[PDB]
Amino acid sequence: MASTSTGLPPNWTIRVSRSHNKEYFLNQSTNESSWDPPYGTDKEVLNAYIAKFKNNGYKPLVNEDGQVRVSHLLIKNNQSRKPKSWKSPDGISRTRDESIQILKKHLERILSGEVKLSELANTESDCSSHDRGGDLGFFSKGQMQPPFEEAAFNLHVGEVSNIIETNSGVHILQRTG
């Protein structure tokens, strides 16, 4: 029964008004904000989610094991840990700024719908998870790097993060569970 699904259609996530804590929905592809559940929403699932959401300190719900699952696209650089990857076996020399500009472009194409994060990760992610559609599987708090954990647990299932920087490089995350 317990679920982390919001019931919302792809591209949509949950946001809370800055005052009076009223929840609304945001389409990350169009930037449209709607107070009414968007067309295609599973009303029952969403209501159940919102009820728990407000009782969970207004934070995204986690699964039955206290975990969340995300896929990510990582672009490494010369000042991050382990500067090498399957696609750059002899070492990565691109700078931090270079990695950021590259990822910024990827993010725009993901949000626009031109491509899915999983497809880009397959050829562009410097993480070993590239051959798993960028999937990192389920994880608990305290297992991933702080900035990555913060981003991950603050995403609702289906939501795509903005650029997150860690000691491994820069990432884009998509919560899938």
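One-based numbering along the sequence shown.
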Greater mean Cα temperature factor according to the PDB record, 49-57 or 62-70: 49-57
120-128 or 135-143, whichever carries the higher mean Cα B-factor: 135-143
Highest recorded Cα temperature factor - choice among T13, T166, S161, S17: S17
Given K87, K104, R96, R81, the residue at which the Cα B factor reaches its maximum: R81
Record-listed C-alpha B factor of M1: chain third: highest
CA B-factor ranking of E150, expressed as a third of its chain: middle
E114 by Cα B-factor - lowest, middle or highest third of the modelled chain: middle
